[PDB]
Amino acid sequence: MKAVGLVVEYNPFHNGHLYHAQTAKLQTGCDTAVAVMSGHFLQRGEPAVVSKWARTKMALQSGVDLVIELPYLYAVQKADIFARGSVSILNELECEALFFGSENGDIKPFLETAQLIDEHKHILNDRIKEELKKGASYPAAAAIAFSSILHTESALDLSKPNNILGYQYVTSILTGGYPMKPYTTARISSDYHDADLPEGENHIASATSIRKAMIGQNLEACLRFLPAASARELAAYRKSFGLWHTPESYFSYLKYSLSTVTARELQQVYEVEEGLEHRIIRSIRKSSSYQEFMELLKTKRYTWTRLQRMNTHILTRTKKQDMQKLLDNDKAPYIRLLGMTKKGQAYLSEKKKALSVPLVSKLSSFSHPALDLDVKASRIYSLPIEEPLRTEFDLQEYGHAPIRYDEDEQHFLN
């Protein structure tokens, strides 16, 4: 029984992702598609628009057989640590194939580059060395070492971060020695991100264009870009807990978070750079908005995205020592199963005995510091939900089973 993995956050799930799952199985010749999805707070630092549980229900109907949660430990991180864990999870699950998105359909550039840098790394450390002692910044010296090699017609823009993402999968597979073949195909249209929604033809709009369309109070505008499942579930969550989640929703709790902190204690928050505690605390007070806050904070060392990531850790109150101890784990501490089809179920029961870490269906079954971090995330995730809807959502973390979908038509059994 043969499976192909996907690294995702379905934010929301739409026709492109649906297309991914279709191509993936096809292109790799695997009957089973296993995704590792960012749960409530995603790689770029923001909150998911809708519960990871609802986003699961969408995937299972659109051709995803297993949905495993990508632990917060690995989810809110820049690409390299992100890819490390998710690929390790997809490796834990014995995926022979890995399917990722990019500008190209050509896996070769991804493969060949990964090797070159793997091959040259000693030079690159040492050529950084030479530059750094000329007084260059680290990222400058990096750019210099990295430009002495790699600058050629080989191209493959190493900022197009499907492309940025992909490099890091192959990297992690190769330095991890996974019996796993990476696959990729070109994407189609809306930009990478931004823009808006197209003219027709299920045109596969971006998750962002679709996001700010919902928040922007058109759920119909994005219809043509959402599978039957997606629209049905999105409105159903919006009816349920009465909100569309955005980063903006949590600003009050980020404001609160920094009211109750000591600057000494804030330096112990993950991704809070030394001394930044002051810029952080100085700014929050004069800040009405998430935006302005970022504005006052924004530095050269910090892109918007890393700040957002940081702000998330401030929000969940994740400590540098929490993190460092959990990252030094070489593999995922557990496999958290959000949902399964009958195919994934079977694949699982076929593969369960050989999982070197627990298979977590119900939370009662297991405890681990990285899971605590996953559960806390959920708690904070729900804050914008007005009571007692919040409290009712709060139950969705524990007693919630793997969501099991029936591909022979349409039964969620619970």
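In case it trips you up, residue 1 is the first one in the sequence shown, and so on.
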Original post:
Which has higher Cα B-factors on average according to the PDB entry: 405 to 413 or 2 to 10?
Top reply: 405 to 413
**OP:** Take the C-alpha B-factors listed in the entry for 187 to 195 and for 255 to 263, compute each mean, and give the stretch with the larger one.
**Re:** 187 to 195
Subject >> Of the residues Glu92, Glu153, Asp322, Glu271, the one carrying the largest Cα B-factor as recorded >> reply: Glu153
Original post:
When the CA B-factors of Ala79, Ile149, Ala140, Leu98 are compared as recorded in the entry, which is the largest?
Top reply: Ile149
Original post:
Once the chain's modelled residues are ordered by C-alpha B factor and cut into thirds, is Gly39 in the lowest, middle or highest one?
Top reply: lowest
**OP:** Pull the Cα B-factor of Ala114 out of the PDB entry and bin it into the chain's lowest, middle or highest third.
**Re:** middle
Original post:
So where's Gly29 on the chain's Cα temperature factor ranking, which third?
Top reply: highest
Original post:
In terms of the chain's CA B-factor thirds, is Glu277 lowest, middle or highest?
Top reply: lowest
**OP:** Consider only the C-alpha atoms of the modelled residues in this chain, order them by B-factor as the entry records it, and name the third containing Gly105: lowest, middle or highest.
**Re:** highest
